[PDB]
Amino acid sequence: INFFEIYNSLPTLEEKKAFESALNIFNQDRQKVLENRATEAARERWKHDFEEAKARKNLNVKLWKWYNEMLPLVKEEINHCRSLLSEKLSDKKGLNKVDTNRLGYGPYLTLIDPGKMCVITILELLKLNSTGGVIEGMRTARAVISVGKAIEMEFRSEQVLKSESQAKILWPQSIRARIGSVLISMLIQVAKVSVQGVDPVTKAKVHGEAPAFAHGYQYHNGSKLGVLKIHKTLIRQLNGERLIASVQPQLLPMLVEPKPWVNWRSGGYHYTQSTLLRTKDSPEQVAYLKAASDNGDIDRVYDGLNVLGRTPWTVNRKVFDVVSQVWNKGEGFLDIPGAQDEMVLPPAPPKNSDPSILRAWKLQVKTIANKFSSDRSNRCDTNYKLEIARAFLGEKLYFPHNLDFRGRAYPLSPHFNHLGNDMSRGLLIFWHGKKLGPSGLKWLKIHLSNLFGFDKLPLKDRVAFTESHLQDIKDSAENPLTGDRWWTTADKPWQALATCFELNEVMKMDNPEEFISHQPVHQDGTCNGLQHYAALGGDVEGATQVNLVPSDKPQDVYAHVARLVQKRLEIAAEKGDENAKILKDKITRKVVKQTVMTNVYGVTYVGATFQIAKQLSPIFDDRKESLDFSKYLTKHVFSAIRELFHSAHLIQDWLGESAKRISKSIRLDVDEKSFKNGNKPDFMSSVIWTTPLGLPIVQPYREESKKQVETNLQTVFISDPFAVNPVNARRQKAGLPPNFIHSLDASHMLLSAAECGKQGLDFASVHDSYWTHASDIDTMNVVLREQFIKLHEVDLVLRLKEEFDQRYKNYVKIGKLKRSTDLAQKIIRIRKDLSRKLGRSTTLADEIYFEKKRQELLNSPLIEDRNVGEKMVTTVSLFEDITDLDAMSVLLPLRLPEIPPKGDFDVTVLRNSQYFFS
Amino acid sequence: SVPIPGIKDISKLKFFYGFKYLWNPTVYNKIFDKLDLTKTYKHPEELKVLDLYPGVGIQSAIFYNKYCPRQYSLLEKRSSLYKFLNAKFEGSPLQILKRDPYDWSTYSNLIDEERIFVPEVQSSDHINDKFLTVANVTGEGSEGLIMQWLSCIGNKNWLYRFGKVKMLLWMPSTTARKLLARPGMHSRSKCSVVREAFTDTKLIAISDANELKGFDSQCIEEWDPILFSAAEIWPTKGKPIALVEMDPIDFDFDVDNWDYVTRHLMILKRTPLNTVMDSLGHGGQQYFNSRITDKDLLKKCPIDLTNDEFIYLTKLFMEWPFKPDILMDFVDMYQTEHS
DNA sequence: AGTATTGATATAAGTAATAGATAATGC
DNA sequence: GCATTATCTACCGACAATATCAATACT
Ligand SMILES: Nc1nc2c(ncn2[C@@H]2O[C@H](COP(=O)(O)OP(=O)(O)OP(=O)(O)O)[C@@H](O)[C@H]2O)c(=O)[nH]1
Ligand SMILES: Nc1nc2c(ncn2[C@@H]2O[C@H](COP(=O)(O)OP(=O)(O)OP(=O)(O)O)[C@@H](O)[C@H]2O)c(=O)[nH]1
Ligand SMILES: [Mg+2]
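Going down the list, the protein sequences come from chains A and B.
Heads up: the first sequence is residues 386 to 441, 448 to 558, 589 to 1308, 1321 to 1351, going by the entry's author numbering.
Heads up: the second sequence is residues 2 to 340, going by the entry's author numbering.
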């Protein structure tokens, strides 16, 4: 039964609320069944389909054949392990499996049911297709690790269910791999598939049986890569009509209210526990998050996440019908690539041709293969989404959120959510419906104008556009297919279709103010990354250029750069240039958007070339391998914007210099005793700061400590999560300028979400884009401006500088100075002092160790004890007399640069600007 | 006649870019006597020699002194050595070209577009009598270049479209050990197979006494290289070097399928052939077990296989009805972004 | 006398691939 | 001491080399 049909039919909010409460009490059981006994449902579907096919969907028939044939081997494998564990000790055993290997992974196999293990391994292999960059398969290490992690998750769900029904802590990756290797090594020999071949000599067609999966190796730039490959028959099976129940996600959206976030390790799903941060690679992030959660410094983060999570959604109906009709057509559409069977490759050049020609042909073939596979992947993903929305039609679904290590919120359900592409954004609406009122109609018109790409004009122009095109709106909404299909011309078609639906229903009425509209209306920040620099350095020109100060018409930075580049090319194309004539009119704000965006984040020349090259292909100004225009365009873009953002570049360079200085600092405690590896020590200090909302941000960039661990298939090259390694001084200097700004944006989003949730709105955010009902846009805008003013009223660059200074007090850098410079000369005298008392020449480690105890002496609570220690003058203590530190090797204090001067800009003046968010 | 550079002159150059050159005229005279170029080039007066990476150019001076070919072209672009070449060899028949041998374009841009150096094409049944190539790729960085040229031998496209062009190559001793490894030795790899299939390489000289222990004990008997020491090469801060005479030979096999089969067989070079063929495709072990009657071949590891057996396995692979597509054997990672 | 880690070297071959930071070296 | 050559990575967002082998370490 489709409960959404009943919900809209009720007359008054009282009956609706009673029905919703009863529905939640009912849906608790459905959610509990869904989370715990989902794989048994897949087994039941496999068995049913097999029985039906035998009595009188081909993929489901085969899967039960493998699972029923794999199961005997697993029961034999576990029995062998238990035999060795039954006997206490056996000194002499064959090194093959019984000596150590079956003792290594013995206990971990005995945990869960063998049939469950078979189901998990089949599902995990079938999900990992065309991942890691293998053409028709996957990487072996990722496959075995994923299988092991899935087995562990199933064990902990079963364990918690047993513990809460009757009334190591985490597996090492040297143990997770072996379980997956054993299961996959059984499945490789179990699986079979039927293939049709053509004889090369006699040209006689034959049939045969071949293993479904195989294991091989491949090489990229002089390095092997173990891969698992899938027969083409399975691949072409995986692009059929639909896949009803064979591969169902284990982390699909909830049916009831999510568990509120009350701690850093408790929230989200009922039977499943999820950590606040997505980055589980580093342990230091976990340590700092636990420390900050114990006190309770991040209550605002909890509030924002709770407000985001508890928004009820529901699957759109009419758009689902339209998509179902388009999918059944079997032909390529707006973005659905269509079912292509065989791909096309140009004829190979004669082998006598110059090697450059053959290399170019190989590059072209590589490009063609990536497109064909990228298209197949898109089609399969669209089919999977249409599967997920099918079973959830007319159902209430909630999206819990978590964070990455900076603060940006991401839904837990990876496949079907509102962060997906345009089609996924089209199949979702709000369950709670609001009357349009005097403003909802205008805001819905503005939303349609936004979705049609015309969101750079004033508001009156957008309303005029929609009022003019009302006829096409009705024409496209009545019959989406076999009509004029005006909604296909839109920049975002699968949302403009729903907007046209709602506008048509509205205009078929006589009173717009009585309609209940469920369509979310976006409000995206314009040049958000530059808005944060404008508010940080207090630049008036920068604030004007990013729609901060009140104005009359929208201003943007990317269109300005596009016009500059266009006139540059036009001048160039008028003096006889050949490439500029082609690119004379092909430059728009979309082509030059991400290069202007990421210039202030530190984008490289080659990264910019690939950005612009990726952006050229959708308009096919050239072909896929015509990347030589992109180099010219990026050179012109950099030349044009060489002298545009100066206030922003100052903060970018300050953050870069600060990160470089921190990454080369040594604390006195870590250098407790020389490692004797070398005179130079290791650097283990990362860059850490705190969000304005209290959250700690630790950059997890450290050198890799990978090693090869043997499995049944191969020896996989994996890392040690517990290892602490010297920091990556290249990525610490490159990640700070983007990470700081993204954390600022995330904090602003969390503040705004919390306030809007308290005020009663339905809220949902996508980075800089915030959604709400068509009738709540004015209140939401007021909240946005108020929270931005609250965030940026206090100086943040200076606060960051003070926090760094108070976090890295007793940290020492290493540098060089002239042996005859008087400042450096005096240390040599101190270097001579240890020759008698210590008995040996003074060294770097000893000089550092000397100051370690003096800090304890300085902080001794006794005043008499302070005089004992404070009188000493160490090598570091020489520099305390002066401050001009810029102008052998000597230790130096960790001094951070001066903050860029702050301009005279008032942040409150934006509270009346109506183009800040639009 | 030609003023040969001396030790007192090549000692002033500051940068050698990792390359090491021999400068003792006695060793060159012994080498050029051992090579015996007069038994294959009947008329050196009509000979064109292309010399790549000459460096100091002492070998070029001696070679021109002894034989006096009609055209001797040096391709060098590294600035420090180019200055020395330009200054020392002024007013000489040797012509110096400021182009980089690494690029694929330069050769064409110098042989077809502007006809600076046009050789004489000959048939593919005898060693070309109007074309000799001399190369000095000694740096550890420039090892892929040797393999690219060695594959261009098989493609007959780069400089071997003129015939069986003979090359005299200076290369690191480790590269010589890898290339000249007979079946079963510790140094056997895929480059040894390529050398076996495409070339008949003979070691001429080596600059270390101990390095001979790595090579095959028997084969040295048939070669007797001209042993010298590391005191006659100027940049002594490197590794021992070696000289080899390469010349193409005919063949009849599918280059692409043979390349695929050898590449995917030599990864597991020590596992027995009983279970290494399972990596050449989906269900390849059963097919190759059905089509190999003798059980002896299925016992030898890929490190023990002679190139003839590799060609036999290639022929078995080509007649397989269910052979995979060898074109799509690559990893696309920078290119691929998965939603 | 015996296995068992443990570090080192080769692998393909223009890495898509080119520009700028950063380390290194020689006289 | 500075100046030319060598090495390395590619803005951020949770996801990746492997086999063979001497060589010593060490039950
Ligand atoms: N470092 C980095 N940040 C990005 C990138 N793309 C988007 N962002 C960030 O995510 C935000 C999303 O903004 P968008 O709506 O995509 O674009 P915009 O800069 O606001 O400009 P408009 O298109 O005018 O809205 C940006 O402002 C950046 O802060 C990228 O490639 N690199
Ligand atoms: N952090 C980060 N986010 C990105 C990057 N590229 C895209 N995104 C995000 O992906 C989202 C989808 O981008 P689009 O497909 O262009 O859709 P959109 O958000 O409406 O942006 P426009 O179409 O340009 O208006 C954006 O909102 C970005 O926030 C990136 O490189 N880094
Ligand atoms: Mg934006």
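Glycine included, every Cβ here is placed at the ideal spot set by N, Cα and C.
Contact test: residue i Cβ vs ligand 2 heavy atom, cutoff 7 Å
i: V1017/A; result: no
i: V1187/A; result: yes
Any non-hydrogen atom of ligand 1 within 7 Å of residue i CB
i: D843/A; result: no
i: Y1022/A; result: yes
i: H471/A; result: no
i: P1159/A; result: yes
i: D825/A; result: no
i: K1014/A; result: yes
i: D912/A; result: no
i: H943/A; result: no
i: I1162/A; result: yes
i: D1166/A; result: yes
i: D1307/A; result: no
i: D977/A; result: yes
Residue i burial status per 10 Å Cβ neighbour count (16 or more: buried)
i: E197/B; result: buried
i: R1261/A; result: exposed
i: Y1026/A; result: exposed
i: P1158/A; result: buried
i: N449/A; result: exposed
i: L281/B; result: buried
i: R189/B; result: buried
i: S80/B; result: exposed
i: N1020/A; result: buried
i: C220/B; result: exposed
i: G1178/A; result: buried
i: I32/B; result: buried
i: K1239/A; result: exposed
Residue i - DSSP class collapsed to helix/strand/coil
i: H44/B; result: coil
i: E1131/A; result: strand
i: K453/A; result: helix
i: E1176/A; result: helix
i: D330/B; result: coil
i: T272/B; result: coil
i: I234/B; result: strand
Residues of its chain near residue i, where Cβ-Cβ distance is below 7 Å and the 5 sequence neighbours each way are ignored
i: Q916/A; result: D843, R846, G847 and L872
i: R100/B; result: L76, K78, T107 and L111
i: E1272/A; result: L1089, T1295 and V1297
i: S1051/A; result: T1030, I1033, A1034 and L1037
i: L604/A; result: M508, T512 and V538
Contacting residues, own chain, Cβ-Cβ under 8 Å from residue i (five flanking each side not counted)
i: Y392/A; result: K401, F404, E405 and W852
Cβ neighbours of residue i in the same chain (closer than 6 Å, five flanking residues each side left out)
i: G963/A; result: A955 and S1068
i: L729/A; result: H822, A830 and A1174
i: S1079/A; result: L1329
i: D912/A; result: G874
Next on the checklist: Give the residues whose C-beta lies closer than 6 Å to at least one heavy atom of ligand 3, in chain order.
Outcome noted: Those satisfying the condition are, in chain order, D945/A, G946/A, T947/A, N949/A and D1189/A.
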